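A.B. asks: For reference, the structure I am asking about is given below.
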Amino acid sequence: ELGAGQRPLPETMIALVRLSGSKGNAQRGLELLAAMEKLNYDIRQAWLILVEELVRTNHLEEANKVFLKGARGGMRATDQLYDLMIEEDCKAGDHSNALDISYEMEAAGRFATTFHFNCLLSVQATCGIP
Amino acid sequence: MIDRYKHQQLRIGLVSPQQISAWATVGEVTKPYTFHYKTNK
Amino acid sequence: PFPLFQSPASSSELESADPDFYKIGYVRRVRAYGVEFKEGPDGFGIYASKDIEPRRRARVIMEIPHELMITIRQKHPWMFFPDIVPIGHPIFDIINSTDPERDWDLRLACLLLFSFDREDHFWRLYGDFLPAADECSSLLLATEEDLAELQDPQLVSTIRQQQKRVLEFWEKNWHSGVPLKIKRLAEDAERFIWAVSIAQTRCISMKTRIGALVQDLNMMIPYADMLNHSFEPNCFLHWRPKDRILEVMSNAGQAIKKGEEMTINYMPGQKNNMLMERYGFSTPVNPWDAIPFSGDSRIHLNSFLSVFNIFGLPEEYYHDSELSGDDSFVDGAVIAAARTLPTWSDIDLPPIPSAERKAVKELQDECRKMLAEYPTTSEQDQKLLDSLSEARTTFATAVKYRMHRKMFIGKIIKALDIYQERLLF
Ligand SMILES: Nc1ncnc2c1ncn2[C@@H]1O[C@H](CSCC[C@H](N)C(=O)O)[C@@H](O)[C@H]1O
């Protein structure tokens with residue numbers, strides 16, 4: 001499609017990153033997302049799907065890399081994604097990433113309710129320091 | 001709103017003789033001396 | 001190229017407002033930066049006096065002190081800030097004898113009439129710049145002639161329901177036995193209808209922090225209601241709590257050209273029927289207008305979204321300008337089609353163009369029926385308005401509402417047409 005010389009459709013671009021997320025290829029997924037920004041598209045909506053796919057395929061560590069990098073950019077994730085991403089990290093004992101994600105959510109305009117703090121406490125209660 | 005947590009514990013307590021030796025690791029002192037009067041050593 | 005050689009010396013419907021309009025506010029610590037108030041046959045409006053070069057953050061446009069506003073809590077108890085009602089005044093009993101959730105407009109109307117009676121209140125001066133009973137576009141003032149022409153049984157029933165509620169409230173609280181201080185507020189039933197119309201069409205609910213207290217207030221901010229409505233506003237309302245100043249701020253990083261109108265969104269997302277019920281106006285570019293549709297036929301909205309450069313989640317549907325290049329067709333009207341049209345979508349399942357082509361005409365086969373349901377056409381109504389020269393403004397709005405709805409049906413007919421052929425490429 002690039003060799004022919006026309007701009008790929010966003011649906012094609014969205015399908016590409018979703019396929020990469022299904023196989024957990026983080027490097028391929030981020031490279032395609034960079035192309036969309038270079039193609040001047042809405043990277044945020046595709047960025048949500050890639051993060052969800054990595055969580056769906058249990059590639060949580062790679063999902064943290066993708067989610068945080070988008071989080072530092074300034075784009076705001078959906079409410080479900082914040083709840084999903086934080087809960088998975090706390091279930092996996094990833095409070096370091098969960099707390100960092102929670103801080104990004106606070107800067108994104110959403111405040112941590114009781115649910116988000118409960119996830120964090122599930123890990124802090126096992127650190128041995130009350 | 002998540003407070004920027006900063007936990008800094010500052011404990012004090014009696015020190016075991018082993019940890020006293022750990023401070024001097026060998027730092028045994030036996031001569032009750034100081035700078036020499038003439039050589040200033 | 002010298003200034004002496006250069007000899008510099010449209011929009012006739014808009015004239016500069018009375019200088020006293022800004023002056024009476026300017027003396028009360030009201031500052032408008034880079035904007036000016038213009039008035040016309042439609043009404044007032046704020047238009048930029050110069051090009052607003054975008055900055056890192058939002059730019060201050062207007063400032064309104066708290067003492068110039070009329071504010072009442074949305075939730076019981078009813079406490080008025082910049083307190084104007086004296087303790088023991090009989091007008092509080094009228095206000096306190098209202099529905100806690102349905103009579104928000106009535107409680108503001110009582111304060112609005114009370115403020116006009118007060119000699120020291122600022123709104124007794126600002127009330128002269130409010131539209132009269134005939135000039136106001138609220139449907140609450142419309143009669144059956146305009147309501148019948150509105151051609152909306154649901155909307156007409158709601159409007160006539162409100163008229164009974166407002167009129168009966170005046171009858172109960174403005175009988176012959178009221179004190180003169182209450183009777184003079186509403187000498188006739190008609191004036192109270194106008195008071196409620198102003199309250200409905202100019203209330204601005206907002207969560208404001210006054211001192212240490214945070215609450216929701218049905219506010220009556222002056223000079224800020226004059227901002228017109230647009231679902232893609234160029235400015236928003238921000239409450240500054242330290243000095244009790246309501247700031248009108250243009251969106252950050254957005255340039256405003258000379259003469260461009262400053263607009264805010266009265267409601268986040270609503271249909272034209274809601275706007276007519278509340279504010280008595282409609283917009284053909286509403287991205288929230290719906291239309292009943294059979295669920296048998298549906299299309300792939302992802303293809304529909306992309307062909308018009310619409311991106312984001314349905315809660316944040318928007319169009320990209322530079323990607324489309326010019327695309328004069330796409331507007332906020334077609335965005336509503338992306339929601340109200342029956343659609344289907346899988347993970348990545350591509351659609352069948354022939355099946356959609358089999359359905360696009362079938363979809364458009366239904367679309368011609370609703371236009372046939374209304375006896376008049378979209379161009380017939382607007383042609384009538386140009387020919388019309390003596391009628392109530394609510395009649396024009398009722399014409400506009402059905403015209404906008406008909407165009408909304410007309411817009412999607414063209415939208416499906418261009419979508420169908422563009423699907424091949
Ligand atoms: N975007 C818009 N399109 C058409 N009429 C609008 C509008 N925004 C506001 N109005 C008009 O203004 C009323 C709300 S109060 C806004 C003040 C008014 N524009 C004035 O000139 O004094 C509506 O009932 C409608 O009559």
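Computed from the coordinates by the stated procedures, all read-outs in this text should not be read as laboratory data. Positions of Cβ are generated from backbone atoms using ideal geometry, with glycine treated the same way; all protein chains shown enter the neighbour counts.
A.B. asks: Within region C:96-112, track down each residue that is under 11 Å from C:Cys203 (Cβ atoms) and touching a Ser or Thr at 6+ places or on another chain (Cβ under 6 Å).
C.D. replies: Of everything in region C:96-112, just one residue is under 11 Å from C:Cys203 (Cβ atoms) and touching a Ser or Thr at 6+ places or on another chain (Cβ under 6 Å), namely C:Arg107.
A.B. asks: For region C:223-247, name all the residues that are closer than 23 Å to C:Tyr318 by Cβ and within 16 Å of the ligand (Cβ to nearest atom).
C.D. replies: Listed by number, the residues that qualify are C:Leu227, C:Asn228, C:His229, C:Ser230, C:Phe231, C:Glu232, C:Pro233, C:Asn234, C:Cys235, C:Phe236, C:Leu237.
A.B. asks: Count, please, the residues in region C:124-138 that happen to be assigned to a loop (DSSP other than H, G, I, E, B) and more than 8 Å from the ligand (Cβ to nearest atom). Walk me through it before giving the result.
C.D. replies: So in region C:124-138, the residues assigned to a loop (DSSP other than H, G, I, E, B) come out as C:130-138.
Within this subset, residues satisfying the condition of being more than 8 Å from the ligand (Cβ to nearest atom) are C:132-135.
Residues in region C:124-138 being assigned to a loop (DSSP other than H, G, I, E, B) and more than 8 Å from the ligand (Cβ to nearest atom): 4 in total.
A.B. asks: For region C:270-290: of the residues being more than 10 Å from the ligand (Cβ to nearest atom) and within 15 Å of C:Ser197 (Cα to Cα), which is surrounded by the fewest Cβ atoms within 10 Å (Cβ to Cβ)?
C.D. replies: C:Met274
A.B. asks: Since C:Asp83 meets every condition but one in (1) more than 16 Å from the ligand (Cβ to nearest atom); (2) in a loop (DSSP other than H, G, I, E, B); (3) buried (at least 17 other Cβ atoms within 10 Å of the Cβ), which condition does it not meet?
C.D. replies: If we test C:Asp83 against (1) more than 16 Å from the ligand (Cβ to nearest atom); (2) in a loop (DSSP other than H, G, I, E, B); (3) buried (at least 17 other Cβ atoms within 10 Å of the Cβ), just (3) comes out false.
A.B. asks: Oh, and also: Is there a residue being among the β-branched types (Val, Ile, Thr), within 16 Å of the ligand (Cβ to nearest atom) and either farther than 22 Å from C:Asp146 by Cβ or more than 14 Å from every other protein chain (Cβ to nearest Cβ) (or both) anywhere in region C:406-418? Reasoning before the result, please.
C.D. replies: Restricting attention to region C:406-418, the residues satisfying the condition of being among the β-branched types (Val, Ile, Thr) are C:409, C:412-413, C:418.
Then drop every residue that is not within 16 Å of the ligand (Cβ to nearest atom), which leaves none.
The answer is no; no qualifying residue exists.
A.B. asks: Still on this model: Can you pull out the residues in region C:193-242 that are more than 20 Å from C:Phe129 (Cα to Cα), outside any loop (DSSP other than H, G, I, E, B) and not aliphatic (A, V, I, L, M)?
C.D. replies: C:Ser205, C:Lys207, C:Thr208, C:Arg209, C:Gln215, C:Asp216, C:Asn218, C:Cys235, C:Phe236, C:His238, C:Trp239, C:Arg240
A.B. asks: Filter region C:208-222 down to the residues that are of a type in the set (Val, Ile, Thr) and either within 16 Å of the ligand (Cβ to nearest atom) or surrounded by fewer than 15 Cβ atoms within 10 Å (Cβ to Cβ) (or both) and list them by number.
C.D. replies: Across region C:208-222, the qualifying residues are C:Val214, C:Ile221.
A.B. asks: Within region A:29-39, is even one residue within 14 Å of chain C (Cβ to nearest Cβ), part of a loop (DSSP other than H, G, I, E, B) and more than 12 Å from the chain's Cα centre (by Cα)?
C.D. replies: Yes - at least one qualifying residue is present in region A:29-39.
A.B. asks: Every residue in region C:179-202 that is among the basic types (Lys, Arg) and either under 30 Å from C:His238 (Cβ atoms) or within 15 Å of the ligand (Cβ to nearest atom) (or both), please.
C.D. replies: C:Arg202
A.B. asks: Condition check: over 11 Å from the mean Cα position of the chain (by Cα) and within 12 Å of another protein chain (Cβ to nearest Cβ). Does A:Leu19 satisfy that?
C.D. replies: Values: over 11 Å from the mean Cα position of the chain (by Cα): yes; within 12 Å of another protein chain (Cβ to nearest Cβ): yes.
So A:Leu19 fits the description; yes.
A.B. asks: Mind telling me which of the residues A:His95, A:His116, A:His59 ends up being under 12 Å from the mean Cα position of the chain (by Cα), more than 14 Å from chain C (Cβ to nearest Cβ) and surrounded by 13 or more Cβ atoms within 10 Å (Cβ to Cβ)? Can you show your working first?
C.D. replies: Numbers: A:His95 fails: under 12 Å from the mean Cα position of the chain (by Cα); A:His116 fails: under 12 Å from the mean Cα position of the chain (by Cα).
Of the residues listed, the single one that is under 12 Å from the mean Cα position of the chain (by Cα), more than 14 Å from chain C (Cβ to nearest Cβ) and surrounded by 13 or more Cβ atoms within 10 Å (Cβ to Cβ) is A:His59.
A.B. asks: Something else: Of the residues C:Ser176, C:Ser205, C:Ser157, which single one is surrounded by fewer than 19 Cβ atoms within 10 Å (Cβ to Cβ), within 16 Å of the ligand (Cβ to nearest atom) and more than 14 Å from every other protein chain (Cβ to nearest Cβ)?
C.D. replies: Sole residue among the options that is surrounded by fewer than 19 Cβ atoms within 10 Å (Cβ to Cβ), within 16 Å of the ligand (Cβ to nearest atom) and more than 14 Å from every other protein chain (Cβ to nearest Cβ): C:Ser205.
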